[PDB]
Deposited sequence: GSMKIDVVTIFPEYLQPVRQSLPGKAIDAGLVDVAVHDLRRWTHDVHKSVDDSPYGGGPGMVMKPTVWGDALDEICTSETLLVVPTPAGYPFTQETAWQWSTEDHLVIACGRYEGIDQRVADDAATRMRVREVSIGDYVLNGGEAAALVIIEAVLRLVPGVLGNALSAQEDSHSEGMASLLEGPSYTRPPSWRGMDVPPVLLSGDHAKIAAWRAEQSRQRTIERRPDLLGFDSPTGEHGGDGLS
């Protein structure tokens, strides 16, 4: 079983992934995704979640007092606290695999500029904390990254959602708009098909991801 809690100032953003869990995995008690409005933990009548950065400059920084209260309530010592940010360690398939066996993920969605560093630093003294990036680009907030993380992890959790690059794939029909499926794939020579696919993979990786070599 896995419990996932997402904390965000835009709770409805996570509606698609909550309303995407098969009834079977929820009823088997194997997965539960809860979404929490960060403003639940604000202290002032204006429900402030951010403030100006120390040391100046434009941008806003999310308040440590608000986040601290939220995580105090939601997390336990067993929690894996995931903080998406473009400044994080890379989140990869290996990460997805590892987190797929966790009992409790809490995902703290920050907004542009980010969360006061003391929030993660404090949490790290009593739980495992992971600042991660899903890719080298900047979003306005962590919510899309949370969607990506939840999907990549949960699809590795048995029955929940239902090296080199992979080369091109083909299916019916055998001919379409003047383009034939490569005849080797229809040859019934499965050793040859494997070797063809390996070369396709090598060529595609060289062309698109030479870093992987």
property	result
Missing residue ranges, deposited sequence indexing starting at 1	1, 164 to 178, 230 to 244
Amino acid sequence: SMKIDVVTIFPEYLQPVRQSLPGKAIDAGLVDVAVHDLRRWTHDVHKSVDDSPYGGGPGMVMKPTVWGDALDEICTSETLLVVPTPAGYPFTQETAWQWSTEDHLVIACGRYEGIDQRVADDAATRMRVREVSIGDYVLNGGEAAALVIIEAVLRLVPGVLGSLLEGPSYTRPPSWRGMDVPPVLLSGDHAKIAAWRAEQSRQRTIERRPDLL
From here on, numbers count along this sequence of modelled residues.
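Heads up, when I say rigid core I mean the largest set of C-alphas that superpose within 1.5 Å between the two forms.
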| property | result |
| --- | --- |
| Core-aligned Cα RMS comparison in 9 other deposited structures of this protein - stretch that moves more, 150 to 158 or 31 to 39 | 150 to 158 |
| Which of 139 to 147 and 107 to 115 strays further in 9 other deposited structures of this protein - Cα RMS after rigid core alignment | 107 to 115 |
| Entries skipping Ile26: at least a third of other ones | yes |
| Residue stretch of maximal mean CA temperature factor, 151 to 159 vs 65 to 73 | 151 to 159 |
| Segment of higher mean CA temperature factor, 165 to 173 or 51 to 59 | 51 to 59 |
| Highest recorded Cα temperature factor - choice among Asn140, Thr79, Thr125, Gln98 | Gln98 |
| Candidate set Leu38, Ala144, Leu185, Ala28 [ranked by C-alpha B-factor, highest] | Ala28 |
| Cα B factor band for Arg118 (lowest, middle or highest third within the chain) | lowest |
| Chain thirds of CA B-factor: placement of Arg204 | lowest |
| Third of the chain's Cα B-factor distribution that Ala195 belongs to, per the entry | middle |
| Third of chain Cα B-factors occupied by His104 | middle |
